[PDB]
Amino acid sequence: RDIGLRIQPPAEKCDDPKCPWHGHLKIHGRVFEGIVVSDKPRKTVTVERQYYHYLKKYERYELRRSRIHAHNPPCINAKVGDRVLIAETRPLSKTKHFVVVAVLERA
Amino acid sequence: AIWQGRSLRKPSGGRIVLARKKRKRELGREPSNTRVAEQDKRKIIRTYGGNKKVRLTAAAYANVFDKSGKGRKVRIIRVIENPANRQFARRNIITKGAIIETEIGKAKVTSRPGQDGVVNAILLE
Amino acid sequence: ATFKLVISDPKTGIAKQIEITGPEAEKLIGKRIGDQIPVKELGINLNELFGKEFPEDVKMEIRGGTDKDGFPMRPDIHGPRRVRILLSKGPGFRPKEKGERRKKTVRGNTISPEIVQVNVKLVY
RNA sequence: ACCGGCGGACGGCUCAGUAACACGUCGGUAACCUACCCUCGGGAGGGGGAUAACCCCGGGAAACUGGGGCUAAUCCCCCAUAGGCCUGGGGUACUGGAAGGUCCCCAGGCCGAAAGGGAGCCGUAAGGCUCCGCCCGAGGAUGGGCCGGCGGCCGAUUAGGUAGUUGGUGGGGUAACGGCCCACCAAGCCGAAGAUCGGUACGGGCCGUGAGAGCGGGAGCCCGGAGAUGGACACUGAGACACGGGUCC
Ligand SMILES: [Mg+2]
Ligand SMILES: [Mg+2]
Ligand SMILES: [Mg+2]
Ligand SMILES: [Zn+2]
């Protein structure tokens with residue numbers, strides 16, 4: 001099966017209705033890539049991305065980081081320290097609006 | 001009364017000072033606690049955009065479906081259990097997901113009576 | 001108490017007004033809206049009022065009234081007191097606008113000395 | 001003049017509040033509503049009812065307001081049919097990056113339309129012929145609701161903050177997704193890369209100044225937000241919790 005990203009699906013199936021690979025969830029919008037930094041809550045991870053911001057007056061750069069909370073389906077089940085790919089969806093809780101769709105490099 | 005606009009708390013824990021009045025299009029309504037009764041009773045609600053909702057307040061019949069695709073209209077005896085609230089079963093409150101007992105067996109409700117106005121259930125084995 | 005009576009003959013479309021006081025009016029104090037009472041018992045030269053032959057033992061029933069300050073009587077409020085409530089239609093309010101509601105001062109059903117006008121109709 | 005229809009939610013005014021998804025920008029809604037307007041496909045069958053205006057009598061200092069008589073509609077209410085919504089079982093016709101969507105066939109229910117009305121000619125009459133109109137479905141358009149990433153103030157003589165608080169499962173409610181709100185199960189969430197608290201302030205396109213790099217401002221014109229003596233809350237409507245509409249303190 002393909003859901004529009006053109007990447008390989010997870011090996012095993014699941015029963016989560018909020019799983020894009022095996023359930024009713026639909027993805028549309030941005031796609032980001034990042035590193036997991038927290039996995040304490042059930043089915044929730046925190047993903048960090050780093051980028052550079054240009055300071056025009058001082059003609060130099062500074063490093064900034066963006067942290068996003070993502071839904072973690074049981075068929076993928078990412079852990080702290082690995083690279084993941086996330087996609088935008090409809091609101092799922094107060095702070096969750098993304099879902100993990102692939103683990104690119106296990107820790 | 002019932003305002004479904006936004007929370008007054010930031011995810012960090014700090015407070016938010018409201019910057020406007022409550023708009024009319026953000027209000028909710030009293031829950032309908034659909035009970036088991038001898039005679040059925042429903043009302044009509046005029047909703048945003050001038051649409052309608054049928055609200056069921058007392059239920060006496062139900063539609064039960066088997067795995068073969070046939071259905072029967074039978075009457076409801078009682079609510080065996082309701083995982084949504086701890087004290088719904090004692091008060092005989094029907095919501096989606098409740099287990100009801102009928103004259104042909106136990107059934108699990110699949111519709112939302114407060115939003116649709118009928119009680120549909122699938123037969124248990 | 002002194003009462004100003006408005007008697008309407010429903011079969012003709014004509015009404016007459018007279019003033020009644022004393023033991024005659026003291027009889028009427030206590031009657032609600034929608035109850036009958038004979039006119040002969042009260043005492044009124046009815047055939048002279050309208051100039052027409054009228055049936056024997058004919059009676060009348062109270063339809064409404066207005067108190068001494070200008071507020072009317074509302075059939076659905078029990079007792080003789082005066083209240084101030086929110087209305088959307090009916091006696092004591094004329095809307096003029098769609099869905100409008102307003103707070104008005106009204107009376108009850110039972111007659112009392114504070115009343116001045118009494119509207120009744122003839123019942124055969 | 002009255003009943004009835006459409007409009008009065010735009011336009012105009014001010015900058016108190018607000019350090020926030022308020023605003024700028026790029027995206028999303030497969031999670032949503034929309035009277036007026038455009039195109040295509042259909043429908044207009046049968047009954048009932050009151051009441052203002054008008055006549056009789058009025059009440060109150062006025063603001064306002066009572067009873068009886070009679071009458072009409074593109075006013076109101078029923079019955080039918082079309083139609084809509086929910087759930088279970090099958091089929092694979094459509095769009096799309098991808099179907100909790102659309103389409104076809106069974107089955108159990110709930111809701112449930114309409115004004116062939118008005119004007120003008122040919123009509124001997126029969127009846128046409130235009131003009132303006134009523135209801136349902138599919139789509140658009142117009143006007144919005146909601147969501148996300150990024151961007152732009154000062155203070156450490158403010159260092160720890162949060163307990164529906166962060167997430168999960170089952171529901172309710174909403175036009176719609178969501179701790180938006182409940183019942184149960186866990187211990188999460190934010191922070192010296194400055195949380196929390198305090199100060200000051202409507203945001204932007206822009207404007208003043210300077211060789212430039214910069215520094216300072218953001219009343220007047222346009223686009224967005226908010227308010228109608230202060231604080232709370234409802235009715236009607238496609239749209240309001242309504243500046244020249246309603247209720248309480
Ligand atoms: Mg200010
Ligand atoms: Mg019908
Ligand atoms: Mg500023
Ligand atoms: Zn899965």
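The rules behind these values
- Residues numbered from 1 in each chain as written, not as in the entry; some residues may be left out.
- Chains lettered and ligands numbered in written order.
- Part of a larger assembly, values for the part shown.
- Heavy atoms only, no water.
- UniProt positions renumbered as here; feature names shortened; annotations may be inferred.
- Helix = DSSP H or I, 4+ residues; strand = E, 2+ residues; numbered from the N terminus.
- Contact = heavy atoms within 4.5 Å.
- Pairing = 2+ DSSP bridges.
- Buried < 20%, exposed > 50% of the residue type's maximum accessible area, 1.4 Å probe, protein only.
- Near = heavy atom within 4 Å.
- Polar contact = N/O pair within 3.5 Å; in protein donor to acceptor, adjacent residues only side chain to side chain.
- Nonpolar A, V, L, I, M, F, W, Y, C, P; charged D, E, K, R; others polar.

- Method-wise, the PDB entry is recorded as coming from cryo-EM, at a reported resolution of 2.7 Å.

- Chain C is annotated in the PDB entry as 30S ribosomal protein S6e of Pyrococcus abyssi GE5.
- Looking at the PDB record, one finds the entry titled "Cryo-EM structure of a Pyrococcus abyssi 30S bound to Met-initiator tRNA, mRNA, aIF1A and aIF5B".
- Quoted verbatim from the Sequence similarities field of the UniProt record, the comment on chain C reads "Belongs to the eukaryotic ribosomal protein eS6 family."

- Going by the PDB entry, chain A carries the name 30S ribosomal protein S17 and comes from Pyrococcus abyssi GE5.
- Recorded in UniProt under Function, the annotation for chain A is "One of the primary rRNA binding proteins, it binds specifically to the 5'-end of 16S ribosomal RNA."
- UniProt, in its Sequence similarities section for chain A, records the words "Belongs to the universal ribosomal protein uS17 family."

1. Observations concerning the overall build of chain A
And then number 1: Helix and strand counts for chain A come out as 0 helices and 5 strands.
And then number 2: Listed N to C, the secondary structure of chain A is β-β-β-β-β in terms of helices and strands.
And then number 3: The principal-axis extent of the C-alpha atoms belonging to chain A is close to 55 × 30 × 25 Å.
And then number 4: Contacts in chain A between residues far apart in sequence, at least 24 positions, make up 52% of those at least 6 positions apart.

2. What about the environment of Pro75 of chain C?
And then number 1: Secondary-structure assignment places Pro75 of chain C in the loop between β4 (59-67) and β5 (83-87).
And then number 2: Once you skip the residues sitting within four places of it in the chain, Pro75 of chain C turns out to touch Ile33, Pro91 and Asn109 of chain C.

3. Side note on the pairing of strand β5 (residues 71-81) of chain B
Residues and elements named next belong to chain B.
And then number 1: One ladder, built from 5 bridges, connects strand β4 (residues 61-65) with β5; its direction is antiparallel. If you follow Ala62 over to β5, its bridge partner there is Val74.
And then number 2: Inspection of the sheet shows β5 paired to strand β6 (residues 99-102) by 4 bridges, in the antiparallel sense. When the bridges of β6 are listed, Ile76 appears paired with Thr102.

4. Some remarks on unusual backbone geometry
And then number 1: Even without being a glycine, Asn77 of chain A presents a positive backbone phi close to 60°.
And then number 2: As for its placement among the helices and strands, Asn77 of chain A is situated in the loop between β3 (60-71) and β4 (83-88).
And then number 3: Residue classification places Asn77 of chain A among the partly exposed residues on the basis of a relative accessible area of 38%.
And then number 4: Even without being a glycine, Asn92 of chain B presents a positive backbone phi close to 60°.
And then number 5: Examined against the element boundaries, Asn92 of chain B turns out to sit in the loop between α1 (88-91) and β6.
And then number 6: On the accessibility criterion, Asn92 of chain B (25% relative accessible area) is partly exposed.

5. Re the protein's contact with RNA strand D
And then number 1: Close to RNA strand D lie 127 residues, the nearest being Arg64 of chain A, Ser12, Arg29 and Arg55 of chain B together with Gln117 of chain C.
And then number 2: Here the atoms of RNA strand D within 4 Å of the protein split so that 73% fall in sugar or phosphate, with bases taking the remainder.
And then number 3: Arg25 of chain B places a polar main-chain atom, nitrogen or oxygen, 3.4 Å from a base nitrogen of RNA strand D.
And then number 4: Contact between RNA strand D and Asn120 of chain B: a sugar or linking oxygen at 3.0 Å from a side-chain N or O atom of the residue.
And then number 5: By residue number, the principal contributor to the surface near RNA strand D is β3 of chain A, which donates 6 residues.
And then number 6: For the surface near RNA strand D, a count of residues per class yields 31 nonpolar, 44 polar and 52 charged.

6. So, the arrangement of the chains
And then number 1: The two units chain A and chain C remain apart, with a minimum C-alpha distance of 39 Å.
And then number 2: Nothing in chain B touches chain C, and the closest approach of their C-alpha atoms is 15 Å.

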